[PDB]
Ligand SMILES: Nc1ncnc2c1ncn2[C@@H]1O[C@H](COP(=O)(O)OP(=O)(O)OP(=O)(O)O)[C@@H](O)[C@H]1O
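Below, in structure tokens: the form deposited without the named molecule, a single chain.
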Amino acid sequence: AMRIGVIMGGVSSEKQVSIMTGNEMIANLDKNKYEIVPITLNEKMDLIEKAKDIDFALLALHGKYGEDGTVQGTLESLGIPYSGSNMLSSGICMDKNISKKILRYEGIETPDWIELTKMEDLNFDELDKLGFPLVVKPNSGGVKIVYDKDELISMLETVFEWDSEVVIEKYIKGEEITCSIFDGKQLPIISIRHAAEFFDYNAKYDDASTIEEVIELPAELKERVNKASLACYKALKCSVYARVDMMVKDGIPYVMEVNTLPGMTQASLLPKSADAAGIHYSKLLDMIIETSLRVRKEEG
């Protein structure tokens, strides 16, 4: 019976989110196919000791900790197969600037942009060429939209506090979607809506709250969406699964984000996207294991 390590780790929030991911997996893995080995990482490199007996690492990780590529690099070196994209692909997909460069070279639609450095200053020369308004995002991955001349400036200050690196994009307003890819096949598309929500007990107001529905899109747009989301997957060297976040504007989808390590809880987008296609959660984990195994073998 194949020993499946369920890998959890990170710090603070991400650790929480990782644990909640790991517990969902640990509960839904077929116990007849698998021997389940929950693994909780105190420190990242404690992974080598723990991984010493398991036959596969099913990554429950979330955030930079599972996206930077170290864990994948480490697992490769121990010769343990593991789920999801590899080190180079994880790393690239977590870098917004490098990602967009590889995307534009393929002529895949993504908003024009500019990169900004903590130490460096912005030559207004290249900046204002994309004009207004703008969105400022950290390069490694909140949102600040900037309408005016002075608008931009105020943000970089605090974004540079946190991220040594920032991307400034021209702001496209359109209809948001997310496209999960599993093993080169596009799963059902999900549309993301924003609606204001009031919480009486905490007395909280939120407009950033999300509503996600599976809606069949016009077959014309559905084609142009599936083309692009599979092109990203290919171009960024993703494997076994990925989530492409997109923005549709006047008929044309633009790539907003590429997630090599998307939410794996049952309310997460990719597990919903799959379920709509008739793949229930427990089987989803089977596919991730079997496709990951095959992919790792091709790699080496």
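Definition used throughout: the rigid core is the maximal C-alpha set that superposes within 1.5 Å between two forms. Numbering starts at 1 and follows the sequence shown.
Keep in mind that the form solved in complex with the named molecule is missing from the display, and what follows is about it.
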Which one of 135, 78, 102, 217 is close to the named molecule in the deposited complex, taking close to mean a heavy atom within 4.5 Å?
135
Of 183, 212, 109, 169, the only residue with a heavy atom within 4.5 Å of the named molecule in the deposited complex is 169
Could you confirm whether residue 275 comes within 4.5 Å of the named molecule in the deposited complex, counting heavy atoms only?
no
How about residue 55 - does it come within 4.5 Å of the named molecule in the deposited complex, if we only consider non-hydrogen atoms?
no
Just checking whether residue 196 would be counted as a contact of the named molecule in the deposited complex - the rule being heavy atoms within 4.5 angstroms.
no
Just checking whether residue 238 would be counted as a contact of the named molecule in the deposited complex - the rule being heavy atoms within 4.5 angstroms.
no
Among the candidate stretches 31 to 39, 249 to 257, 229 to 237, 44 to 52, which one is within 4.5 Å of the named molecule in the deposited complex when only heavy atoms are counted?
249 to 257
Option from 165, 109, 76, 151 moving between the shown form and the other one, CA shift at or above 2 Å, rigid core reference
151
Comparing between the shown form and the other one on the rigid core: C-alpha of residue 208 shifted by 2 Å or more?
yes
Kindly check if the Cα atom of residue 223 is displaced 2 angstroms or more between the shown form and the other one relative to the superposed rigid core.
no
Classify the change in Cα distance between residue 199 and residue 266 in the deposited complex as closer or farther, relative to the shown form (magnitude of 3 Å or more).
farther
Shift in CA distance, residue 205 and residue 212, in the deposited complex relative to the form shown here, given it is 3 Å or more
closer
